[PDB]
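Only one chain comes next, encoded as structure tokens, the form deposited in one PDB entry.
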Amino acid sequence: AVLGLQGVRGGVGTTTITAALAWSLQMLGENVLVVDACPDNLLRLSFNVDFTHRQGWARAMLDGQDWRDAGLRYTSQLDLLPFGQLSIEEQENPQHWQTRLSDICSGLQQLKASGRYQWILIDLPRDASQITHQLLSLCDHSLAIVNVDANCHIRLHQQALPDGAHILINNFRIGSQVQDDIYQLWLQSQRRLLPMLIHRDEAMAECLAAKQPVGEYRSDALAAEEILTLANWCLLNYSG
């Protein structure tokens, strides 16, 4: 199955959750490819890829090279495809390249058809670019990552989500009446809300600084157990 993960807004935890979910699925015995579709190219740093390593599928594609040679094997069950490092000029002119990347769609479609991987997880950025839409269209299912706050609340009444997406809460914390109020309202009103959530957890803040997925970094972290609940739900509901 191809699973897209996309924040309803930036900064909600999409990339850390993608890396953690890939690790969880592997621990459950699955073969996983994790693809970074974000021009920020941050997913690779959860898998101990050197910051100075500039290769990636989009970097290769823009350079006229074979994107399939930019993949990395993290474990026997977990493969990674970084986006690649853009120059500042590329970063500040996405219109120059965001329509030159269509080849990735046919390449991932071929990978899908081969059955090489049991799961392909795609970390999708919070934009509406041509390449983001193209990658979404390849997904069998998608998760929309939120935090329980007034900003995400508003966004859920005005921005479209991929059809069939389910909503996953991250960063749930103690000490917030307004969060608790929004959450109780969501429980009665938000038809697409998943029944499990992820708390704000120091392991999820530390694991990127340690350059590992959360469940490798701290296998008994409460957040690692919450991600496993998500993984088990995905196996049951998102498999095909």
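So that there is no doubt, residue numbering starts at 1 and follows the sequence shown.
Engineer: Which has the higher mean CA temperature factor in the PDB entry, 227-235 or 5-13?
Structural biologist: According to the PDB entry, the answer is 227-235.
Engineer: Would you determine, from the values in the PDB entry, which of 38-46 and 51-59 has the greater average C-alpha temperature factor?
Structural biologist: Going by the record's values, the stretch with the higher mean is 51-59.
Engineer: From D79, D123, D127, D149, pick the one with the largest CA B-factor in the entry?
Structural biologist: Of the options given, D127 has the highest CA B-factor in the PDB entry.
Engineer: Whose C-alpha has the highest temperature factor in the PDB entry: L143, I131, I169, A113?
Structural biologist: The record points to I131.
Engineer: Tell me, lowest, middle or highest third: where does the Cα B factor of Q212 rank within its chain?
Structural biologist: It falls in the bottom third of the chain.
Engineer: Would you check the entry's CA temperature factor for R191 and let me know if it's in the chain's lowest, middle or highest third?
Structural biologist: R191: CA B-factor falls in the highest third of its chain.
Engineer: Sorting the chain's CA B-factors, does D181 end up in the lowest, middle or highest third?
Structural biologist: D181: CA B-factor falls in the middle third of its chain.
Engineer: Lowest, middle or highest third: where is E206 by C-alpha B factor in its chain?
Structural biologist: It belongs to the middle third of the chain when residues are ordered by C-alpha B-factor.
Engineer: Relative to the other modelled residues of the same chain, rank the CA B-factor of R68 and answer lowest, middle or highest third.
Structural biologist: For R68, whose C-alpha B-factor we compare with every modelled residue in the chain, the answer is the highest third.
Keep in mind that the form solved in complex with a partner chain is not shown, yet the notes after this line are about it.
Engineer: Is there a non-hydrogen atom of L235 within 4.5 angstroms of a non-hydrogen atom of the partner chain in the deposited bound form?
Structural biologist: Close contact exists here: in the deposited bound form, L235 approaches the partner chain to within 4.5 Å, heavy atoms only.
Engineer: Using 4.5 Å between non-hydrogen atoms, is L62 touching the partner chain in the deposited bound form?
Structural biologist: Answer no; every heavy atom of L62 is more than 4.5 Å from the partner chain in the deposited bound form.
Engineer: Should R73 be classed as touching the partner chain in the deposited bound form when contacts are defined as heavy atoms within 4.5 Å?
Structural biologist: Yes.
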